[PDB]
Amino acid sequence: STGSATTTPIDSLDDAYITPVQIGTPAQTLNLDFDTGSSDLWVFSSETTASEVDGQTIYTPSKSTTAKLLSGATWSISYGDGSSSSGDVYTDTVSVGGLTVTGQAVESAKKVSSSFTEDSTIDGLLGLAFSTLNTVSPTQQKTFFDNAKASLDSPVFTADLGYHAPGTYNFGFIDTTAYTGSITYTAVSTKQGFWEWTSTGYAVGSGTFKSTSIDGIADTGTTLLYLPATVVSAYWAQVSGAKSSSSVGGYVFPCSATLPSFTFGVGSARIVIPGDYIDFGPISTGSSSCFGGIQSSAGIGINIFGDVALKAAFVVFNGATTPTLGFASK
Numbered sequence: 070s071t072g073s074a075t076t077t078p079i080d081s082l083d084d085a086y087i088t089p090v091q092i093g094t095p096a097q098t099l100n101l102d103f104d105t106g107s108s109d110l111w112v113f114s115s116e117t118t119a120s121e122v123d124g125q126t127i128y129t130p131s132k133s134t135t136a137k138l139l140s141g142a143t144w145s146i147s148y149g150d151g152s153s154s155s156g157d158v159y160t161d162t163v164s165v166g167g168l169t170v171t172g173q174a175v176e177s178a179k180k181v182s183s184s185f186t187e188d189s190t191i192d193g194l195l196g197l198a199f200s201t202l203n204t205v206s207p208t209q210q211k212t213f214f215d216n217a218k219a220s221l222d223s224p225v226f227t228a229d230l231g232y233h234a235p236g237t238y239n240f241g242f243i244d245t246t247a248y249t250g251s252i253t254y255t256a257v258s259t260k261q262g263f264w265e266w267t268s269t270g271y272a273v274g275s276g277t278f279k280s281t282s283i284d285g286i287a288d289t290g291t292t293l294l295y296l297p298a299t300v301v302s303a304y305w306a307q308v309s310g311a312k313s314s315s316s317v318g319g320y321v322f323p324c325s326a327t328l329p330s331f332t333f334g335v336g337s338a339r340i341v342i343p344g345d346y347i348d349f350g351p352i353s354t355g356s357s358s359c360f361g362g363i364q365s366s367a368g369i370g371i372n373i374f375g376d377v378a379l380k381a382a383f384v385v386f387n388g389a390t391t392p393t394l395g396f397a398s399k
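Structure representation (structure tokens):
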């Protein structure tokens with residue numbers, strides 16, 4: 070089997086992407102944030118505290134003839150950005166782009182943090198990291214991809230995120246028309262439960278490529294590119310007037326600037342992030358100070374190849390017995 074679903078930016082900045090997901094019988098379609106940095110499929114629901122729902126579409130398990138409470142199971146997750154959610158668990162039929170999994174754990178939110186409530190466009194998350202990170206207790210549950218893997222034509226999914234445009238998540242096949250050149254594959258460590266890999270270096274604009282190992286994670290659920298302070302300083306030094314602002318929370322730059330590109334290495338291959346992808350616009354409405362899309366990871370503990378980086382590539386998440394990542398230009 071295979072599946073193919075379009076993923077759409079939630080706003081004009083590409084802050085996140087939503088993909089329609091069919092849950093239950095008859096189908097209830099929710100728009101989920103596919104997140105290769107986490108491993109829970111959780112949804113706003115009829116169980117979510119009413120004051121914490123503000124425009125989201127909810128899953129109502131009592132209206133699904135295939136929903137079954139997973140007795141005793143609870144979940145609770147906290148994300149790198151400080152947001153969180155928690156609740157109980159059903160199993161139900163879940164379909165993405167024509168690919169159906171029966172008995173998928175659907176984690177129903179009883180509580181969500183304010184950042185989720187305030188974002189009416191995201192109805193939940195669909196985690197695509199390794200199932201070892203799933204938070205369901207006392208019996209950890211599998212991700213949608215893990216459940217689908219054996220049925221797929223090939224045990225892979227691909228992320229093709231658009232710049233200010235829709236893109237595609239495919240399951241079970243590699244669309245050879247969706248990228249240019251070849252796909253360069255690189256080794257993955259699953260020791261932390263992430264799609265963790267080592268970039269071979271970087272360049273700023275037309276500058277020389279610096280060969281240096283940068284360990285990080287491929288994370289579709291993170292907006293920006295978070296890299297070591299040395300690398301980030303070298304990037305922003307090429308933008309006149311750019312500075313790190315403790316009060317704003319990162320590097321800002323004059324909105325009148327033209328940003329240089331940023332290249333990262335994948336083995337001997339190179340992925341070029343155009344400068345425009347690094348512009349996240351005014352820090353507040355009407356400001357002439359703009360927020361940068363490359364930021365320091367120094368306070369995170371891990372480097373994160375988020376959407377800024379991934380949207381410049383066609384990315385293969387190869388879930389074979391020994392997983393690997395692939396990157397192609399597009």
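Read in order, the letters of the sequence shown are residues 70 to 399 in mature numbering (1 follows the signal peptide of the UniProt record, and there is no 0).
Beta carbons: idealized from backbone N, C-alpha and C, even for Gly.
So residue i and residue j are in contact, right, with Cβ under 8 Å, and what is the actual spacing, rounded?
{"i": "residue 178", "j": "residue 153", "result": "That belief does not hold up - the Cβ atoms of residue 178 and residue 153 are roughly 10 Å apart, past 8 Å."}
{"i": "residue 382", "j": "residue 398", "result": "7 Å"}
{"i": "residue 97", "j": "residue 148", "result": "Between residue 148 and residue 97 the Cβ distance is about 24 Å, and since that is not below 8 Å, they are no contact."}
{"i": "residue 109", "j": "residue 144", "result": "6 Å"}
{"i": "residue 162", "j": "residue 94", "result": "6 Å"}
{"i": "residue 208", "j": "residue 142", "result": "6 Å"}
{"i": "residue 255", "j": "residue 87", "result": "Incorrect: roughly 28 Å between the Cβ atoms, too far for contact."}
{"i": "residue 284", "j": "residue 374", "result": "The pair is not a contact, with the Cβ atoms about 10 Å apart (cut-off 8 Å)."}
{"i": "residue 378", "j": "residue 342", "result": "6 Å"}
{"i": "residue 236", "j": "residue 229", "result": "5 Å"}
Among the options, which one has its Cα closest to the Cα of residue i?
{"i": "residue 222", "options": "398, 389, 393, 396", "result": "389"}
{"i": "residue 193", "options": "91, 340, 231, 70", "result": "91"}
{"i": "residue 276", "options": "332, 297, 200", "result": "332"}
{"i": "residue 89", "options": "81, 73, 313", "result": "73"}
{"i": "residue 372", "options": "391, 351, 286, 393", "result": "286"}
{"i": "residue 105", "options": "386, 395, 302", "result": "386"}
{"i": "residue 150", "options": "355, 358, 318, 302", "result": "318"}
{"i": "residue 348", "options": "75, 71, 82, 78", "result": "82"}
{"i": "residue 250", "options": "391, 338, 362, 161", "result": "338"}
{"i": "residue 394", "options": "212, 220, 130, 264", "result": "264"}
{"i": "residue 279", "options": "291, 292, 299, 262", "result": "299"}
{"i": "residue 210", "options": "139, 324, 131", "result": "139"}
{"i": "residue 271", "options": "329, 207, 358", "result": "329"}
{"i": "residue 356", "options": "344, 323, 334", "result": "323"}
{"i": "residue 125", "options": "185, 227, 198", "result": "185"}
{"i": "residue 57", "options": "227, 307, 167", "result": "With the chain covering 70 to 399 only, the question about residue 57 has no answer from this structure."}
{"i": "residue 101", "options": "75, 119, 123, 156", "result": "75"}
{"i": "residue 350", "options": "340, 79, 362", "result": "362"}
{"i": "residue 346", "options": "80, 219, 376", "result": "376"}
{"i": "residue 169", "options": "212, 343, 315, 316", "result": "212"}
{"i": "residue 214", "options": "165, 257, 354", "result": "165"}
{"i": "residue 99", "options": "119, 118, 130, 80", "result": "130"}
{"i": "residue 266", "options": "282, 274, 252, 312", "result": "282"}
{"i": "residue 176", "options": "114, 293, 314", "result": "114"}
{"i": "residue 198", "options": "253, 234, 103, 183", "result": "103"}
Assuming residue i is part of the alpha helix (DSSP H), what are its boundary residues?
{"i": "residue 227", "result": "First-last for residue 227: 225-229, but that is the beta strand (DSSP E), not the alpha helix (DSSP H)."}
{"i": "residue 282", "result": "Note, residue 282: premise wrong, no alpha helix (DSSP H); beta strand (DSSP E) at 279-287."}
{"i": "residue 302", "result": "298-305"}
{"i": "residue 85", "result": "Premise fails: residue 85 is in no alpha helix (DSSP H) and is neither H nor E."}
{"i": "residue 379", "result": "376-379"}
Just reading off the beta strand (DSSP E) that residue i is part of, what are its end residues?
{"i": "residue 168", "result": "168-181"}
{"i": "residue 158", "result": "153-165"}
{"i": "residue 143", "result": "137-147"}
{"i": "residue 99", "result": "97-104"}
{"i": "residue 394", "result": "393-397"}
{"i": "residue 266", "result": "265-273"}
{"i": "residue 359", "result": "358-361"}
{"i": "residue 341", "result": "338-342"}
{"i": "residue 320", "result": "319-323"}
{"i": "residue 80", "result": "Neither: residue 80 is in no beta strand (DSSP E) and is coded neither H nor E."}
{"i": "residue 345", "result": "No beta strand (DSSP E) contains residue 345, which DSSP labels as neither H nor E."}
{"i": "residue 334", "result": "331-335"}
{"i": "residue 314", "result": "312-314"}
{"i": "residue 384", "result": "383-387"}
Check whether the Cβ atoms of residue i and residue j lie closer than 8 Å to each other.
{"i": "residue 369", "j": "residue 295", "result": "yes"}
{"i": "residue 336", "j": "residue 269", "result": "yes"}
{"i": "residue 181", "j": "residue 116", "result": "no"}
{"i": "residue 158", "j": "residue 112", "result": "no"}
{"i": "residue 196", "j": "residue 107", "result": "yes"}
{"i": "residue 326", "j": "residue 301", "result": "no"}
{"i": "residue 156", "j": "residue 202", "result": "no"}
{"i": "residue 239", "j": "residue 173", "result": "no"}
{"i": "residue 359", "j": "residue 321", "result": "yes"}
{"i": "residue 231", "j": "residue 137", "result": "no"}
{"i": "residue 291", "j": "residue 392", "result": "no"}
Taking 7 Å as the cut-off, is the beta-carbon of residue i closer than that to any non-hydrogen atom of the ligand FAD?
{"i": "residue 120", "result": "Of ligands this structure carries none, so the ligand FAD is not represented either."}
> Which parts of the stretch 188-260 are runs of the alpha helix (DSSP H), unbroken and 4 residues or longer, counting only runs that do not cross its ends?
Replying inline: Look at the stretch 188-260 and you find these whole runs of alpha helix (DSSP H), each 4 residues long or longer: 213-217.
> Curious, which full-length beta strand (DSSP E) runs of at least 3 residues does the stretch 108-137 contain?
Replying inline: Every beta strand (DSSP E) of 3 residues or more that sits fully in the stretch 108-137 is shown, in chain order, as 110-112.
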